Each structure stands twice: as C-alpha cells, then as structure tokens.
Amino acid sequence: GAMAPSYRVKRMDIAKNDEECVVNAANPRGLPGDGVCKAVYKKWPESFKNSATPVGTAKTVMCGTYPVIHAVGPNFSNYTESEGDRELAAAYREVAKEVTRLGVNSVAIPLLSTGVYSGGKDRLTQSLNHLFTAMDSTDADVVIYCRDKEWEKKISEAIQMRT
C-alpha cells in the first residue's frame, strides 16, 4: 500500500501516467475505440488480447509486467439513467477489486462514462462520486486523469472538500 494513501488529479493524456497501473475506459468488445481507449490502444496494444468484457465489469490484461485494467462503463445513449447509474457504480467496484488483487501502490484512472458514453450530459460529479465510493477502501495512491481545464478545477475542489 501507499504510506499515506491520497487522491490527485492531473490534466494530461493517461497514456503518459507515472503510476504502477492504468484503468482503460474500455468498450465491451476490446476494440481500439475512441478517446482514452484509443490512447491506451496506441500505448499498450498487447493489453487488448482477450480484453472483451461485459458492461459493469473490469478485466486486467498485462502489457509486459504493466497491468491494464479494462473497465466498461455504460453508454447512457442505450441505458436508462437508473440502470446506467447502477452499471457505472458496478464498473468502479470491479476496478477496486482488481487494483487490490494486483497489489499496486498507485493507479491512473479516467472518469468512466463522461466522454462518448455520457449520452450528451455532464457526468463529472456522478462518475467521480462512484469512483470515490469504490476506491475509498483501497490503499493505492489514485491519480484521476482529465483533459478539460474546468474539469481539472472541479475535480481538485471535490478532492479538497473531503480533506
């Protein structure tokens, strides 16, 4: 575990993380995909061997010794707000189990279902709160990756509010 487990946020490409493992915002079919998923495919293509997994689950595939945790959030275009919220929470619980199993001291994580799976809505708070619910009981240093300047400020404020 980390000596003083923490949350941090960084505004940069998650493919350039400084953590011991990465969470991919995957699609269920293990395809190269869009956004975070395509950056992860370019950096760790070997990790897409048999990476397909259902919505609400996470599947880890090693690239060398570096773990890629493929976490499948729901596409809110297809799911109801109610069912989507349940699957989004479940995906993060499966990420916490994998991070714990791997014994890493740090993990790089994106906000699941906030990009092309958002159904055209702002889901920063919804996704971040499900991340906290899952990860608060783990002792890994968690570094949350985003790309938007106002998202960085809102994520930073949410972390500091609890400290």
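Each residue number is its position in the shown sequence, starting from 1.
**Student:** On mean Cα temperature factor in this entry, is 118-126 or 102-110 the higher one?
**Tutor:** The recorded data point to 118-126.
**Student:** Would you tell me which stretch averages the higher CA B-factor in the PDB entry, 65-73 or 27-35?
**Tutor:** It is 27-35 that shows the higher mean C-alpha B-factor.
**Student:** Splitting the chain's C-alpha B-factors into thirds, which one does residue 43 fall into?
**Tutor:** Highest third - that is where residue 43 ends up once the chain's C-alpha B-factors are sorted.
**Student:** With respect to C-alpha B-factor, does residue 150 fall in the lowest, middle or highest third of the chain as deposited?
**Tutor:** It belongs to the highest third of the chain when residues are ordered by C-alpha B-factor.
**Student:** Please place residue 57 in the lowest, middle or highest third of its chain by C-alpha B factor as given in the entry.
**Tutor:** It falls in the bottom third of the chain.
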